[PDB]
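Report on the structure given below.
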Amino acid sequence: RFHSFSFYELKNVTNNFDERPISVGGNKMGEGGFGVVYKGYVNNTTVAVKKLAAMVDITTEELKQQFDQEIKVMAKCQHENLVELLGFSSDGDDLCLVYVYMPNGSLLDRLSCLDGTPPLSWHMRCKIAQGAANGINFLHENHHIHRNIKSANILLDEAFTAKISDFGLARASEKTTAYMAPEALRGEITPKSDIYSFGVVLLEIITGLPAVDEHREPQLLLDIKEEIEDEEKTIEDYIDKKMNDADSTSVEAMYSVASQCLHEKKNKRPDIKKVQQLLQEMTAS
Ligand SMILES: Nc1ncnc2c1ncn2[C@@H]1O[C@H](COP(=O)(O)OP(=O)(O)NP(=O)(O)O)[C@@H](O)[C@H]1O
Ligand SMILES: [Mg+2]
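Letter by letter, the sequence shown follows residues 164 to 338, 351 to 460 of UniProt numbering.
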């Protein structure tokens, strides 16, 4: 079902790539590593369109095949916890990617309760963290590295199933430091870097706090692990007060996983399968 789109159909579907925000009449959902992301409706499906690069800038045939083979891998990585890539476009001015629109947005927006949405229950946050780990495991099982794990790249479908997004885009970008591992900051590429970033997301899930805040002590959310180990604060102090069903036992279970993930030595962190085990045992009975 993965196919190509005419750049001029995507133009119509996005109201001529209306860069205005949706709230004022446009189609802009946001912007990240590859500029504006546009919302549209095509083939009886609400979609998210992402403009990678310009077709003129893809000059050499090596750059053409560097993106063709890169998109082949993305289109093949289909899983319950991965955003489905519907297609692409190359016949026009810009190289585009068409993803399935996730109606509940990103985990980042729901943790901050953007647009008046209700806060996620602790029961849902556990199922979301488990699904995200299942999606990361699918990538690692097939020898892939996401390289850009963060709450903004964990989307939620109609049933609040976790859908990892933007896989391979960081790979194509090299062809947001608050989530990156120490070895990732130094340029090292390893699936153990994803485990570290997933640990930061778990802290966001527990606290409902963003990974970085300029007017906050500490500024980086990953630094609160030092406050817990030094007995300056407890995990109970940081628990999202907007939850109504949190229990200290399972919360400390998820924090124990987040702690192991945030080991500075990449060999001390568990693999994604151990993360799956601990997250599944967290809700066992
Ligand atoms: N398929 C999608 N469905 C719904 N929302 C999406 C989808 N893809 C991206 N978004 C959201 O749209 C916004 C723009 O996406 P994006 O350009 O990826 O920014 P970003 O994720 O914050 N930074 P980055 O992913 O590293 O480029 C973010 O709030 C995303 O969570
Ligand atoms: Mg993203």
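Cβ atoms here follow ideal geometry from the backbone N, Cα and C, with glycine treated the same way.
Whether residue i touches residue j by CB criterion (9 angstroms)
i, j, result
"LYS214", "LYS202", "no"
"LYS326", "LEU318", "yes"
"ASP329", "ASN311", "yes"
"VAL450", "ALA296", "yes"
"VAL199", "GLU182", "yes"
"residue 340", "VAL426", "Looking at the chain, the numbering goes 338 and then 351, which leaves residue 340 without any coordinates in this model."
"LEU377", "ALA292", "yes"
"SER169", "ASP254", "yes"
"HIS438", "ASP369", "no"
"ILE299", "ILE447", "yes"
"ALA335", "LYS441", "no"
"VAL212", "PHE165", "no"
"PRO266", "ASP220", "no"
"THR280", "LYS313", "no"
"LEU249", "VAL210", "yes"
"residue 136", "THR458", "No information on residue 136 is available, as it lies outside the stretch 164 to 460 that the chain covers here."
"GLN241", "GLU233", "no"
"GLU243", "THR324", "yes"
"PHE251", "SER167", "yes"
Counterpart residues of residue i in DSSP-defined beta bridges
i, result
"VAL212", "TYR201, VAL261"
"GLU194", "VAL199"
"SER314", "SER314 is not bridged to any residue."
"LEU319", "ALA325"
"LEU395", "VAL387"
"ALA217", "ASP257"
"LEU245", "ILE327"
Proximity test, residue i beta-carbon vs ligand 3 heavy atom, cut-off 8 angstroms
i, result
"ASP329", "What this structure holds is ligand 1 and ligand 2, not ligand 3."
For residue i, the first and last residue of its enclosing beta strand (DSSP E)
i, result
"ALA325", "325-327"
"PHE251", "248-252"
Segment limits, alpha helix (DSSP H) that includes residue i
i, result
"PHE168", "It is not in any alpha helix (DSSP H) - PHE168 carries neither H nor E in the DSSP assignment."
"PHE180", "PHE180 -> no alpha helix (DSSP H), and no H or E assigned at all."
"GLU404", "399-404"
"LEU271", "270-274"
"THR382", "366-382"
"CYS289", "285-304"
"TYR430", "423-436"
"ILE410", "410-413"
"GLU456", "447-457"
"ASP231", "224-239"
"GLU363", "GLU363 -> no alpha helix (DSSP H), and no H or E assigned at all."
"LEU332", "332-336"
Neighbour flag for residue i against chain D, beta carbons, 9 angstroms
i, result
"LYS326", "Absent here is chain D; the protein component of the structure consists of one chain."
Close Cβ partners of residue i (< 7 angstroms) along its chain, the five nearest in sequence each way excluded
i, result
"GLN435", "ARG444, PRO445"
"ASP420", "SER284, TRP285, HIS286"
"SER423", "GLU411"
"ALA238", "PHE165, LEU248"
"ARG273", "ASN267, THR280, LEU283, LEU319"
Proximal residues to residue i (C-beta, below 6 angstroms), its chain only, five neighbours per side dropped
i, result
"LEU396", "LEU378, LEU384, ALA386"
"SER269", "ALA315, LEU318"
"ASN178", "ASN190"
"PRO282", "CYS276, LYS417"
"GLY196", "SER336"
"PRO366", "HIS303, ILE308"
Contact set for residue i: own chain, Cβ-Cβ below 8 angstroms, skip 5 residues either direction
i, result
"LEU454", "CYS289, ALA292, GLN293, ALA296, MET429, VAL432"
"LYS227", "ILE221"
"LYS408", "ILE399, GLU402"
"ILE364", "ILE308, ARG310"
**Request:** Please confirm if the stretch 282-294 is in contact with the stretch 253-262, defined as three or more CB-CB distances below 8 angstroms between the two stretches.
**Result:** no
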